[PDB]
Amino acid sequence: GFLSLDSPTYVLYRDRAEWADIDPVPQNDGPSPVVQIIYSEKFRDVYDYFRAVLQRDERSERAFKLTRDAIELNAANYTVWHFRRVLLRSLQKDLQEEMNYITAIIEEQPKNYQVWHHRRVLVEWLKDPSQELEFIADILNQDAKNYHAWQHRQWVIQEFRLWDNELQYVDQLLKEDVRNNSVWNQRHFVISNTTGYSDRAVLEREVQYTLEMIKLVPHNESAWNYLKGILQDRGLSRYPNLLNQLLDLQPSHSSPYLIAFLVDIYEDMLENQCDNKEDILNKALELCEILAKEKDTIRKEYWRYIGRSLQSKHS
């Protein structure tokens, strides 16, 4: 019998007979309260009763139902969430019905930490990940960048080894929004935990894919950061053709991401004993000034540092 907190006929707990026995413990904020919240009558009411059943550690079906109201009033109250998990095990509640509950409240408050941690605890208990990838995808269909949703997805995939279809999902969302950095992150998570980037074929496939994306949306920073992120590993100088190939977009797809990526390639050439060192260095410093003074002035302090540091190093 769940009388909705939103129900037009919802009645205070104090105005409820099946509760009458238990006396409500109010909140002790002290004789001189600070950052004191002027609670609503409903908030105040449910919490005085929550306090009471908790103080007496009453593990009843009635207590279980009240926590739900206290959670809806403040989903961030971790103490209530704690007692609720206590009662889920005592009363031996159907954890599948509880998965239905948590699915509903996460849809309502997807940016809350507690709701997601609770779902994780339920999946662990039931050792059942069957609904996860689908539920999470519904949340990402509403906010494709929800950090918690992506974190939960990563945990389910790693714990239960559900890697097989994630790269396909990633391709799906990248089509939807090639600028979704959470998806570029998911791409790296899947690849690094399956094939890895040492496989030259994979690396080739990834560097080519990324290059096409850059062609389409030259100013999409995510594709650029992913390109840097997977090559930067082995050293950008380890790839001779790349410098060439980017020097070509110079007039066509020449955003300040291309400019910056060139200073990155040069930086690594200098560190790895490149030919024409005097030459390469002046270029990297030219780009560093074009960036600091013209193309990327918001980062002038960075680009100057890069200039100085580069000189100090390869003078």
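Throughout, we count residues from 1 along the sequence that is shown.
Between 56 to 64 and 246 to 254 (mean CA B-factor, as deposited), the higher: In the deposited entry, the stretch with the higher C-alpha B-factor mean is 246 to 254.
166 to 174 versus 112 to 120 - greater average Cα B-factor per the deposited record: Going by the record's values, the stretch with the higher mean is 166 to 174.
Selection from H152, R200, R84, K145 [criterion: highest C-alpha temperature factor in the record]: Top of the list by C-alpha B-factor: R200.
CA B-factor placement of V217, once the chain's modelled residues are sorted into thirds: Ranked within chain, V217 CA B lands in the middle tercile.
Third of chain Cα B-factors occupied by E107: Its C-alpha B-factor, which the entry lists for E107, ranks in the lowest third among residues of this chain.
Chain-wide C-alpha B factor ranking for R161, given as lowest, middle or highest third: For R161, the deposited C-alpha B-factor lands in the middle third.
Chain thirds of CA B-factor: placement of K127: Middle third by C-alpha B-factor.
Chain third (lowest, middle, highest) by recorded CA B-factor, residue given as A75: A75: CA B-factor falls in the lowest third of its chain.
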